[PDB]
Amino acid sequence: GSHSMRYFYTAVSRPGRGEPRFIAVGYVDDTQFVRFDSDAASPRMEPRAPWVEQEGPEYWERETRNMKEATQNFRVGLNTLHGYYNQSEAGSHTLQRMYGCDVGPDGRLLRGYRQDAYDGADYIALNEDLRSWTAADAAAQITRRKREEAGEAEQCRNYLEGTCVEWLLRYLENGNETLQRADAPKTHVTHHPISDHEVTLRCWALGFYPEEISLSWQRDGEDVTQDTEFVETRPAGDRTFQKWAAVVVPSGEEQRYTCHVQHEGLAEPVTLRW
């Protein structure tokens, strides 16, 4: 239905050990499909999903060239902002960007993003109208002034409204069999005695995709989210995700509790009991 493409750039300086290192990864929804590392023996954009490998040599050459340009651009960035703030020569610094687009079920642009951060906090971002910049502070206003005088916003808006959307739809088509096919969670309940009086019921959801999922316990048919222990949704390493929720309950009362799971890959909510 609704989809997105996202790139994540990070450049990290290391004063005294050569130029800053630049790294990039690309995503369609929750699947990584490309990466770049400036430190690599031979720096190339590399595929990370089957459905882009088929892209021809011209595609890879271009991505690699832009990635090389980008790493130089960010090295200038780091050095320039260093000056704006007059930081010390010894410390390392980071410069981040994430950009991309969301499209609705009709395949039209829902919205575009292009946000930069310096040392882990907002620096400058392209506004939702894609025609103005929001600067987080004084240093950023300088950057903003330059981007305005060069009219870069227009270039960014063109990529996001055009290229970004067009290529997302293309990847979505080429990868439809994995990307447009939600994988239902395999769910189960484990049983862990704490004392003779208390036991832990833990509800697991395994091997699901996309990452978005709902998980919760009820007693006698209604909520008890307070007293619910969760973990953050985590990657299994094979492109699928994991999550569990747990509650400590009285011995001999396990049968009162139900676990409930909602996920795009299930037609209908699931309920489990011990």
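One rule holds for the numbers: they count along the sequence shown, beginning at 1.
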item: Stretch with the greater mean C-alpha B-factor as recorded in the entry, comparing 116-124 against 147-155; value: 147-155
item: Stretch exceeding the other in mean C-alpha B-factor - 176-184, 74-82; value: 176-184
item: Residue, from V52, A40, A236, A245, that the PDB entry assigns the highest Cα B-factor; value: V52
item: Maximum C-alpha temperature factor, selected from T225, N66, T240, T31; value: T225
item: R48 - which third its CA temperature factor falls in, relative to the rest of the chain; value: middle
item: Within-chain third of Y59 by Cα B-factor, per the entry; value: highest
item: Third of chain Cα B-factors occupied by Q141; value: highest
item: Record-listed C-alpha B factor of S132: chain third; value: highest
item: Position of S4 among the chain's modelled residues by C-alpha B-factor, lowest, middle or highest third; value: lowest
